[PDB]
file my_file05.pdb (PDB, C-alpha atoms)
MODEL        1
ATOM      1  CA  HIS A  33    -148.628  79.946  25.651
ATOM      2  CA  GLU A  34    -147.318  82.797  27.859
ATOM      3  CA  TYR A  35    -145.742  82.360  31.326
ATOM      4  CA  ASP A  36    -144.666  85.084  33.740
ATOM      5  CA  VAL A  37    -142.021  84.397  36.338
ATOM      6  CA  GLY A  38    -140.520  87.312  38.238
ATOM      7  CA  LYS A  39    -139.889  90.039  35.666
ATOM      8  CA  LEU A  40    -139.399  87.397  32.962
ATOM      9  CA  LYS A  41    -141.913  86.142  30.444
ATOM     10  CA  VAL A  42    -141.589  82.857  28.568
ATOM     11  CA  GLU A  43    -143.541  83.261  25.344
ATOM     12  CA  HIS A  44    -144.655  80.525  22.945
ATOM     13  CA  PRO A  45    -142.357  77.647  23.945
ATOM     14  CA  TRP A  46    -142.265  74.851  21.330
ATOM     15  CA  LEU A  47    -140.151  71.900  20.016
ATOM     16  CA  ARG A  48    -140.348  69.732  16.832
ATOM     17  CA  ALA A  49    -141.311  66.222  18.032
ATOM     18  CA  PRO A  50    -138.585  63.797  16.891
ATOM     19  CA  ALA A  51    -138.926  61.785  13.671
ATOM     20  CA  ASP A  52    -139.692  58.064  14.115
ATOM     21  CA  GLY A  53    -136.018  57.132  14.461
ATOM     22  CA  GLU A  54    -134.531  59.980  16.469
ATOM     23  CA  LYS A  55    -134.107  60.026  20.255
ATOM     24  CA  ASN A  56    -133.463  63.755  20.785
ATOM     25  CA  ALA A  57    -135.401  67.004  20.350
ATOM     26  CA  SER A  58    -134.724  70.751  20.316
ATOM     27  CA  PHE A  59    -136.580  73.232  22.553
ATOM     28  CA  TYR A  60    -137.247  76.800  21.393
ATOM     29  CA  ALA A  61    -138.952  79.892  22.827
ATOM     30  CA  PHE A  62    -138.931  83.648  23.303
ATOM     31  CA  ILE A  63    -137.736  84.772  26.736
ATOM     32  CA  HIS A  64    -138.347  88.378  27.751
ATOM     33  CA  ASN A  65    -136.518  90.052  30.614
ATOM     34  CA  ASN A  66    -138.754  92.993  31.542
ATOM     35  CA  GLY A  67    -136.719  93.839  34.649
ATOM     36  CA  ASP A  68    -133.729  96.088  35.238
ATOM     37  CA  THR A  69    -131.409  93.259  36.344
ATOM     38  CA  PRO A  70    -129.926  90.408  34.295
ATOM     39  CA  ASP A  71    -130.967  86.795  34.633
ATOM     40  CA  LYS A  72    -130.111  83.535  32.937
ATOM     41  CA  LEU A  73    -131.771  80.247  32.093
ATOM     42  CA  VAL A  74    -129.536  77.690  33.790
ATOM     43  CA  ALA A  75    -131.318  74.347  33.559
ATOM     44  CA  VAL A  76    -134.347  72.580  32.179
ATOM     45  CA  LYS A  77    -136.088  69.587  33.732
ATOM     46  CA  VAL A  78    -138.244  67.307  31.598
ATOM     47  CA  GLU A  79    -139.780  64.023  32.695
ATOM     48  CA  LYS A  80    -140.253  62.563  29.199
ATOM     49  CA  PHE A  81    -136.551  62.919  28.258
ATOM     50  CA  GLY A  82    -133.377  61.607  29.837
ATOM     51  CA  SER A  83    -131.756  65.027  30.219
ATOM     52  CA  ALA A  84    -131.738  68.604  28.899
ATOM     53  CA  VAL A  85    -128.639  70.562  27.889
ATOM     54  CA  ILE A  86    -128.676  74.296  27.310
ATOM     55  CA  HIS A  87    -126.723  75.688  24.360
ATOM     56  CA  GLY A  88    -127.259  79.340  25.138
ATOM     57  CA  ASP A  89    -124.304  80.886  23.294
ATOM     58  CA  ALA A  90    -125.264  81.566  19.671
ATOM     59  CA  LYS A  91    -121.659  82.308  18.694
ATOM     60  CA  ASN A  92    -120.692  78.740  19.696
ATOM     61  CA  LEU A  93    -123.630  76.366  19.743
ATOM     62  CA  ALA A  94    -121.309  73.490  20.682
ATOM     63  CA  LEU A  95    -120.594  74.982  24.093
ATOM     64  CA  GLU A  96    -122.898  73.982  26.920
ATOM     65  CA  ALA A  97    -123.814  77.395  28.344
ATOM     66  CA  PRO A  98    -126.773  79.098  30.026
ATOM     67  CA  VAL A  99    -128.994  81.528  28.127
ATOM     68  CA  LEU A 100    -128.049  85.025  29.251
ATOM     69  CA  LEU A 101    -131.115  87.250  29.758
ATOM     70  CA  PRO A 102    -129.985  90.898  29.667
ATOM     71  CA  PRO A 103    -132.306  93.493  31.203
ATOM     72  CA  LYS A 104    -135.079  94.865  28.983
ATOM     73  CA  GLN A 105    -134.396  92.471  26.096
ATOM     74  CA  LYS A 106    -136.141  89.583  24.364
ATOM     75  CA  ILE A 107    -133.830  86.634  23.711
ATOM     76  CA  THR A 108    -134.799  84.171  20.981
ATOM     77  CA  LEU A 109    -134.190  80.423  21.164
ATOM     78  CA  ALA A 110    -134.725  79.213  17.622
ATOM     79  CA  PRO A 111    -133.419  76.786  14.969
ATOM     80  CA  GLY A 112    -129.846  77.659  14.118
ATOM     81  CA  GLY A 113    -129.464  79.783  17.264
ATOM     82  CA  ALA A 114    -129.488  79.304  21.046
ATOM     83  CA  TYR A 115    -131.624  76.345  22.090
ATOM     84  CA  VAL A 116    -132.045  73.520  24.594
ATOM     85  CA  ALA A 117    -131.230  69.977  23.531
ATOM     86  CA  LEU A 118    -133.622  67.381  24.904
ATOM     87  CA  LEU A 119    -131.772  64.047  25.070
ATOM     88  CA  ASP A 120    -132.898  60.398  25.146
ATOM     89  CA  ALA A 121    -136.679  60.515  24.787
ATOM     90  CA  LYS A 122    -138.433  58.144  27.181
ATOM     91  CA  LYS A 123    -141.895  58.216  25.583
ATOM     92  CA  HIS A 124    -143.319  59.016  22.165
ATOM     93  CA  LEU A 125    -144.650  62.528  21.593
ATOM     94  CA  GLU A 126    -147.727  63.446  19.572
ATOM     95  CA  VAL A 127    -148.692  66.711  17.890
ATOM     96  CA  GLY A 128    -151.360  68.607  19.831
ATOM     97  CA  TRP A 129    -150.436  67.466  23.364
ATOM     98  CA  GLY A 130    -147.811  69.746  24.880
ATOM     99  CA  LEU A 131    -144.628  68.674  26.649
ATOM    100  CA  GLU A 132    -144.469  69.561  30.351
ATOM    101  CA  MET A 133    -141.136  71.116  31.298
ATOM    102  CA  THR A 134    -139.593  73.024  34.181
ATOM    103  CA  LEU A 135    -137.398  76.011  33.341
ATOM    104  CA  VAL A 136    -134.906  77.059  36.031
ATOM    105  CA  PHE A 137    -133.718  80.681  36.088
ATOM    106  CA  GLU A 138    -130.750  81.819  38.189
ATOM    107  CA  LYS A 139    -132.726  84.581  39.950
ATOM    108  CA  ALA A 140    -136.415  84.284  39.007
ATOM    109  CA  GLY A 141    -136.599  80.648  40.091
ATOM    110  CA  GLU A 142    -138.458  77.761  38.505
ATOM    111  CA  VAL A 143    -141.441  77.829  36.172
ATOM    112  CA  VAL A 144    -143.527  74.952  34.811
ATOM    113  CA  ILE A 145    -144.518  75.221  31.138
ATOM    114  CA  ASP A 146    -146.276  73.189  28.465
ATOM    115  CA  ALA A 147    -144.244  73.316  25.263
ATOM    116  CA  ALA A 148    -146.238  73.128  22.037
ATOM    117  CA  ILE A 149    -145.326  70.079  19.955
ATOM    118  CA  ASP A 150    -145.630  71.248  16.352
ATOM    119  CA  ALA A 151    -146.398  69.036  13.349
ATOM    120  CA  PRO A 152    -143.337  69.698  11.134
TER     121      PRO A 152
ENDMDL
END
call {"tool": "encode", "arguments": {"input": "my_file05.pdb", "output": "structure tokens"}}
result
Amino acid sequence: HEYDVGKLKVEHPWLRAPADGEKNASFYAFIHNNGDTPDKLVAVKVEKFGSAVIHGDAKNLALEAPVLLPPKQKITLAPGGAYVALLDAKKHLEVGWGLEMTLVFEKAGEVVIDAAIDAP
């Protein structure tokens, strides 16, 4: 539920598994930058979805943009704010079994996580 990469920490990643009809999902998490230099989340790789698109700018969630990670701050990806859209689900997801995902940061590199799939 916590992942350290460089001076970053990915904390409690999760997503609401799609409803029986939907094909897309939304990925959420806390990302800490505990270092003195900025970073950004630039891409996400997920085998069980067709693609992942980062909407990192909370002022304009339509824009495809990386999540900026200012030094010594926690950034929140959450419903109604910055998030990652997971597009075109290949397989069906089930509550309890996490979703394996690779987060790519501009400077800290790649990290493999298991996102919690939550019942609601």
call {"tool": "resolve_selection", "arguments": {"input": "my_file05.pdb", "expression": "the PyMOL selection byres ((chain A and resi 68-81) around 9)", "output": "number ranges by chain"}}
result
A: 39-40, 55-57, 65-67, 82-86, 88, 97-104, 116, 118-125, 131-140
call {"tool": "closest_residue", "arguments": {"input": "my_file05.pdb", "among": "A:114, A:61, A:127, A:107", "to": "residue 152 (chain A)", "atoms": "all atoms listed in the file"}}
result
A:127
call {"tool": "atom_distance", "arguments": {"input": "my_file05.pdb", "atom1": "CA of residue 44 (chain A)", "atom2": "CA of residue 147 (chain A)"}}
result
7.6 Å
call {"tool": "atom_distance", "arguments": {"input": "my_file05.pdb", "atom1": "CA of residue 148 (chain A)", "atom2": "CA of residue 94 (chain A)"}}
result
25.0 Å
call {"tool": "residues_around", "arguments": {"input": "my_file05.pdb", "residues": "residue 108 (chain A)", "least_positions_apart": "5", "cutoff": "9 Å", "atoms": "all atoms listed in the file", "output": "PyMOL selection string"}}
result
chain A and resi 60-64+113-115
call {"tool": "atom_distance", "arguments": {"input": "my_file05.pdb", "atom1": "CA of residue 151 (chain A)", "atom2": "CA of residue 43 (chain A)"}}
result
18.8 Å
